[PDB]
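Shown below, as structure tokens, is a lone chain in the form deposited without the ligand; questions about how it binds or moves come after it.
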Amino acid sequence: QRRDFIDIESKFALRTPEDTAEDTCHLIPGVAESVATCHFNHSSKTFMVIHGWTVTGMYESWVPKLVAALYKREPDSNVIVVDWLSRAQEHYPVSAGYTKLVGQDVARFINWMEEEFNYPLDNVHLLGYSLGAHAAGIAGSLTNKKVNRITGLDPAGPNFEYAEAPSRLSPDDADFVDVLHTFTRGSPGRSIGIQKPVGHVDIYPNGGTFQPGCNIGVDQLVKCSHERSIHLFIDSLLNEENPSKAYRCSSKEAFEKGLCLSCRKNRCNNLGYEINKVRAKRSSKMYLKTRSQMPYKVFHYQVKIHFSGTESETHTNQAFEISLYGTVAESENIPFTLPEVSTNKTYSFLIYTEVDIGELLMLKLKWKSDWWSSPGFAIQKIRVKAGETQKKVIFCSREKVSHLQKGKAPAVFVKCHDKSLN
């Protein structure tokens, strides 16, 4: 049958857990014997890794890392690496046009596997990076039956931002499309990563514009925010027990105020491999904060403070520190500044931490910095909502009220109530 697939330029290398770095064995379309030579296990699910644009025409160092993580997590699976390197080492708008041909080559290969060995497409998960997410989506749209999953790892933005659904990744391309947006910084059509939601679940770590640990200090520096999507996904493969929670929110601004930390009917989901495959009418744009390094997981808290005073005082751009103490551990001197701090007014805000403090017990609050007497607010209670545990916690002052004075001693609050939200 080799004659029927001779026009295909993309190569399909079936890597193994012991040999993750090289394209040793190829699954050649039309040659059923190659599938047996490469020892493809017909009883296992298939992960097809699709790379992006490569200025050097060779594999970026993340490829052996993802393949290694996918075999660690799923040891009996088949990790196929799709090679479209010559088409990927061209002027960007040329390479971006080639995703339609690579998509066609991927779909024809998936269809040949279905036809030749009755392999189910419901056992196929496509993982496309940058241009590869678009080619994964194009492929998904050309299969005889829908593929089970497509994971878009920061799909490319220029030429795709205003592209119609057939020309890019869309939710229609697979039964479930999950996207990680990590380099949306720039104006629409001029952002490295796609801005617009293109899946069923579109996750935007740290707002999605840029990633932590990526400010200055082959073109590794210019691409770490883009490439963080793969490492965020690798981390989810390596920590099945402790997934990173994403939260559905109206905007990245409302999520920064701690307004979106709910888990009620898929308002929260797992980032990565352990995602709950929930399809919705409109796409749920989701948010979360992360660390700068692997393990990326953080704990999100909304903090609400009512500031009570005698006289009508207003203070702008005020710096504070919050210390959280739990049964497991503690996380001290967490800074946050408030734009306005007024008398008899309440303020909400998001606080996050890499530390698993456990169940909260104590909260310490410091107001950071004579011609004038130091300003102050009387605080009775602090309400905290914990996103990961889904617990509404109340802290109340040790005495009747805890006096919060600028540059002075911190206010101490202890837990006085707990409620589970589920």
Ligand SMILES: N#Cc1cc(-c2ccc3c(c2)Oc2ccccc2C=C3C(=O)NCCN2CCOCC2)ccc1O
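Rigid core here is just the name for the largest C-alpha set that superposes within 1.5 Å across the two forms. Numbering starts at 1 and follows the sequence shown. Only residues modelled in both forms are compared.
ask   = Which class fits the unmodelled deposited stretch between residue 369 and residue 370: none, 1 to 3, 4 to 9, or 10 or more?
value = According to the record, 4 to 9 deposited residues lack coordinates from residue 369 to residue 370.
query = Taking the recorded C-alpha temperature factors, which stretch has the higher mean, 232-240 or 256-264?
reply = Higher mean C-alpha B-factor in the PDB entry: 256-264.
key: Mean Cα B-factor comparison, 353-361 or 370-378, giving the higher one as deposited   = So the stretch with the higher mean C-alpha B-factor is 370-378.
request  = Have a look at 50, 55, 394, 67 and flag the one whose Cα has the highest B-factor in the entry.
outcome  = Answer, based on the entry's C-alpha B-factors: 55.
key: Among 89, 184, 323, 170 - the residue whose C-alpha B-factor is largest in the record   = Of 89, 184, 323, 170, 89 has the highest C-alpha B-factor.
query = What third of the chain, by the recorded C-alpha B-factor, contains residue 76?
reply = For residue 76, whose C-alpha B-factor we compare with every modelled residue in the chain, the answer is the middle third.
task = Ordered by C-alpha B-factor within the chain, which third holds residue 31? Give me lowest, middle or highest, please.
result = Within its chain, residue 31 is a highest-third residue by C-alpha B-factor, going by the deposited values.
request  = Using the B-factors in the PDB entry, rank residue 212's C-alpha atom against the chain and give the third, lowest, middle or highest.
outcome  = Within its chain, residue 212 is a middle-third residue by C-alpha B-factor, going by the deposited values.
task = Quick one: classify residue 419 as lowest, middle or highest third of the chain based on its Cα B-factor.
result = Middle third, going by the recorded CA B-factors of the chain.
task = Among all modelled residues of this chain, ranked by Cα B factor, put residue 195 in the bottom, middle or top third, i.e. lowest, middle or highest.
result = CA B-factor rank for residue 195: middle third.
Here the subject shifts to the form deposited with the ligand bound, a form of this protein not shown in this document.
inquiry  = Can you pick out, from 127, 79, 246, 192, the residue that has a heavy atom within 4.5 Å of the ligand in the entry with it bound?
reply    = Looking at 127, 79, 246, 192 one by one, just 192 meets the 4.5 Å heavy-atom criterion.
ask   = Out of 220, 250, 337, 187, which one falls within 4.5 Å of the ligand in the entry with it bound, going by heavy atoms?
value = Looking at 220, 250, 337, 187 one by one, just 220 meets the 4.5 Å heavy-atom criterion.
ask   = Only one of 91-99, 139-147, 271-279, 206-214 gets a heavy atom within 4.5 Å of the ligand in the entry with it bound; which is it?
value = Of the options, only 91-99 has residues within 4.5 Å of the partner.
ask   = Can you check whether residue 226 is within 4.5 Å of the ligand in the entry with it bound, heavy atom basis?
value = Output for residue 226 is yes: heavy atoms within 4.5 Å of the ligand.
query = Any chance residue 177 has a heavy atom within 4.5 Å of the ligand in the entry with it bound?
reply = Residue-level check for residue 177: no, no contact with the ligand.
ask   = At the 4.5 Å heavy atom threshold, is residue 159 in contact with the ligand in the entry with it bound?
value = Yes, residue 159 lies within 4.5 Å of the ligand in the entry with it bound.
request  = Indicate whether residue 68 is a 4.5 Å heavy atom neighbour of the ligand in the entry with it bound.
outcome  = Residue 68: no contact with the ligand in the entry with it bound.
Superposed on the rigid core, segments between the shown form and the other one of at least 3 residues with Cα shifts of 2 Å or more = After superposing the rigid core, the shifted stretches between the shown form and the other one are 218-222, 370-372.
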